[PDB]
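Asks: I have a structure I would like to understand better, so I am pasting it below and will then ask my questions one at a time.
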Amino acid sequence: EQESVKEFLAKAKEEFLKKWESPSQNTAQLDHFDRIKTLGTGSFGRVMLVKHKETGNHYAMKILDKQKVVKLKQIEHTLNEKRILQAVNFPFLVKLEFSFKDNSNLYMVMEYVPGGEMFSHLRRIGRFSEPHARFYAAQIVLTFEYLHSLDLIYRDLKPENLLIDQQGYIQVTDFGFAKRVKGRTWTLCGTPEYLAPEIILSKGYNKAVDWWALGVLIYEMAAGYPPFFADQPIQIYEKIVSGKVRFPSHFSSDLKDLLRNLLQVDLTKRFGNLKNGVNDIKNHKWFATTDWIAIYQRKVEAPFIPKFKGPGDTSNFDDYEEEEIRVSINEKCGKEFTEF
Ligand SMILES: CC(=O)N1CCN([C@H]2[C@@H]3OC[C@@H](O3)[C@@H](N)[C@@H]2O)CC1
Ligand SMILES: CC(=O)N1CCN([C@H]2[C@@H]3OC[C@@H](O3)[C@@H](N)[C@@H]2O)CC1
């Protein structure tokens, strides 16, 4: 490994471990913010655009209902998410600014990324050219090199979880399945189209599942649709475990070669999981034009700058039913969330 990379990752791990061992807690409260608009929803709860009443700064506030987290069996995952987010620091990761809890809910207040989800831009344009896909892929490669060096598996890569910032760079969001793992882990989680075969087959799996998901993402960016597509999950799973994929004829030979090595069903042969680790990916011919240092330093001109009017603009996010943020007069699930 290059001395620069080695000493960078050694320092990255030292800094992560100090915050991991002593997590920040209770750094704001709900009535410090005005609620503006719902930016998205899921089983996790909701994300709202908020404005800090004193500073005027905008944030994306993820709100989880403690009782629903318990019923959906996501306690450990939610504690993982907040503890990891408060400890990481990398140019292409969403930045957690505050966290707190009250009688009913857990709150993670993040810097707001007004360019919207990669998913929207991909569906609007149709597919990205190879250079455009490669610019985003390089940022994911560097982000996974960082996360994996901290013993973190991400487990939720997909276009809806990649936001585009004001400079056209990626911010990875949604650490709801991220976990610190030395060795293997066993939980079935993630979106069907992006699951590695070893997840579908209920094996103990490792960080190689993130490199499989990178293969799916690159294919989807360059084709406009994912490589394993079907109407029901059970049919998607059959395609994933088969060891066959079809590439559009417009794909370059270098892209097809990279994808055969990322979408390798045998995890012991998959790029990212060999002796050379991430360097088999960084040194692959498809990445020959990539200036890894300049990408990290955000010195490369992005292929695309999202249109938006200012830090409060919500036009790149879609419209959701607006519901109350209720806080019970009685504490719910206090024991389960003591460490949050
Ligand atoms: C940092 C920022 O600007 N964020 C945080 C994350 N959210 C969520 C929202 O909830 C579900 C859906 O939209 C999801 N794909 C998205 O990542 C968007 C706004
Ligand atoms: C029956 C149904 O599907 N509904 C009921 C009414 N809502 C409106 C109404 O206006 C303010 C508030 O109730 C909000 N929930 C929403 O916008 C749409 C969803």
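Starting from 1 in every chain, residues are counted up; chains themselves are A, B, ... following the order of the structure tokens, and ligands are numbered from 1 as listed.
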Taking only C-alpha atoms and all ligand atoms into account, list the residues no farther than 8 Å from ligand 2, as a PyMOL selection string.

Replies: chain A and resi 321-323

Asks: Give as a list in words the residues surrounding ligand 1 up to a distance of 6 Å, considering only C-alpha atoms and all ligand atoms.

Replies: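 Those within range of ligand 1 are residues 39, 40, 41, 42, 46, 47, 60, 94, 110, 111, 112, 113, 160, 161 and 173 of chain A.
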
Asks: Counting only C-alpha atoms, figure out which residue out of A:300, A:217, A:50, A:234 gets nearest to residue 168 in chain A.

Replies: A:300

Asks: Based on DSSP run over this structure's backbone, return all residues of range 75-258 of chain A in helix (DSSP H, G or I), as a PyMOL selection string.

Replies: chain A and resi 75-85+118-125+130-149+159-161+192-194+197-200+208-223+233-240+253-258

Asks: Which neighbours of residue 203 in chain A fall inside 7 Å, counting only C-alpha atoms, when residues of the same chain fewer than 4 positions from it are skipped, and could you give them as a ChimeraX atom specification?

Replies: /A:186,198-199

Asks: Range 133-136 of chain A: which residues within 12 Å, counting only C-alpha atoms, same-chain residues fewer than 5 positions away excluded, as an MDAnalysis selection string?

Replies: chainID A and resid 92 118 122 127:128 141:143 159 162:165 168:172 214:215 217:224 251 254:255 258 281:282 284:292 294:296 298:304

Asks: Taking into account only C-alpha atoms, which residue in the set A:201, A:187, A:316, A:293 is nearest to residue 4 in chain A?

Replies: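 For residue 4 in chain A, the nearest of the candidates is A:293.
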
Asks: Would you list the contacts of range 7-13 of chain A as number ranges by chain, taking every protein, DNA or RNA residue within 9 Å and counting only C-alpha atoms, but skipping same-chain residues closer than 2 positions in sequence?

Replies: A: 2-5, 15-18, 88-90, 145-146, 149-150

Asks: Find the residues around residue 329 in chain A up to 12 Å (only C-alpha atoms counted), leave out those fewer than 5 positions away in its own chain, and share them as an mmCIF file with C-alpha atoms, in the first residue's frame.

Replies:
data_model
loop_
_atom_site.group_PDB
_atom_site.id
_atom_site.type_symbol
_atom_site.label_atom_id
_atom_site.label_comp_id
_atom_site.auth_asym_id
_atom_site.auth_seq_id
_atom_site.Cartn_x
_atom_site.Cartn_y
_atom_site.Cartn_z
ATOM 1 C CA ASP A 102 -37.655 12.437 23.953
ATOM 2 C CA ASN A 103 -40.558 10.504 25.449
ATOM 3 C CA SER A 104 -41.626 9.118 22.036
#

Asks: When distances are computed from only C-alpha atoms, which of A:61, A:193, A:126, A:54 shows the smallest separation from residue 37 in chain A?

Replies: A:61

Asks: Could you pull the residues within 8 Å of range 20-23 of chain A, counting only C-alpha atoms, minus those fewer than 5 positions along the same chain, as a PyMOL selection string?

Replies: chain A and resi 83-84+86-87

Asks: Take the selection from the previous step and output its residues with C-alpha atoms, as a PDB file, in the first residue's frame.

Replies:
ATOM      1  CA  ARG A  83     -23.191   5.343  17.191  1.00  0.00           C
ATOM      2  CA  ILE A  84     -21.494   4.901  13.786  1.00  0.00           C
ATOM      3  CA  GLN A  86     -21.503  10.216  15.278  1.00  0.00           C
ATOM      4  CA  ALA A  87     -18.035   8.618  14.960  1.00  0.00           C
TER       5      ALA A  87
END

Asks: Just list the residues in range 6-166 of chain A DSSP gives strand (DSSP E or B) on the backbone, as a PyMOL selection string.

Replies: chain A and resi 33-42+45-52+58-65+93+96-101+105-111+117+152-153+162-164

Asks: Let me see the file: selected residues, C-alpha atoms, as a CSV table (one decimal), in the first residue's frame.

Replies:
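Contents of part.csv, freshly written:
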chain,number,residue,atom,x,y,z
A,33,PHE,CA,-36.1,23.8,15.3
A,34,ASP,CA,-39.0,24.8,13.0
A,35,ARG,CA,-40.5,22.0,10.9
A,36,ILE,CA,-40.7,22.9,7.2
A,37,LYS,CA,-41.6,19.8,5.0
A,38,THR,CA,-41.4,16.0,4.9
A,39,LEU,CA,-38.6,14.9,2.6
A,40,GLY,CA,-39.1,11.2,2.7
A,41,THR,CA,-40.6,8.3,4.7
A,42,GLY,CA,-40.1,4.6,5.3
A,45,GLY,CA,-40.1,6.8,10.3
A,46,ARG,CA,-39.7,10.1,8.5
A,47,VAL,CA,-37.1,12.7,7.4
A,48,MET,CA,-38.1,16.3,7.7
A,49,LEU,CA,-36.5,19.5,6.5
A,50,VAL,CA,-36.1,21.7,9.6
A,51,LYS,CA,-34.6,25.2,10.3
A,52,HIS,CA,-32.7,26.0,13.5
A,58,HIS,CA,-31.3,24.0,7.5
A,59,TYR,CA,-31.0,20.3,8.4
A,60,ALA,CA,-32.6,17.0,7.5
A,61,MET,CA,-34.0,15.5,10.7
A,62,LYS,CA,-34.6,11.8,10.8
A,63,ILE,CA,-37.3,11.0,13.3
A,64,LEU,CA,-37.8,7.4,14.5
A,65,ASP,CA,-40.8,6.3,16.7
A,93,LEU,CA,-20.7,10.6,4.1
A,96,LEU,CA,-24.6,14.1,11.7
A,97,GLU,CA,-24.8,17.5,13.5
A,98,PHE,CA,-27.1,16.7,16.5
A,99,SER,CA,-28.8,13.8,18.1
A,100,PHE,CA,-31.4,13.6,20.9
A,101,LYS,CA,-34.4,11.7,22.1
A,105,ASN,CA,-38.9,9.5,19.4
A,106,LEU,CA,-35.2,9.4,18.5
A,107,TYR,CA,-33.8,12.2,16.3
A,108,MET,CA,-30.7,12.4,14.1
A,109,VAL,CA,-30.2,15.9,12.7
A,110,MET,CA,-28.0,15.8,9.6
A,111,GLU,CA,-26.7,18.4,7.1
A,117,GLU,CA,-31.3,11.4,-4.6
A,152,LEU,CA,-17.8,-1.3,9.3
A,153,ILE,CA,-20.0,-3.0,6.8
A,162,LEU,CA,-26.9,8.5,-2.5
A,163,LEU,CA,-27.5,12.2,-2.4
A,164,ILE,CA,-26.0,14.8,-4.8

Asks: Report the distance between CA of residue 269 in chain A and CA of residue 232 in chain A in Å, rounded to one decimal place.

Replies: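 Result for CA of residue 269 in chain A versus CA of residue 232 in chain A: 28.6 Å, one decimal.
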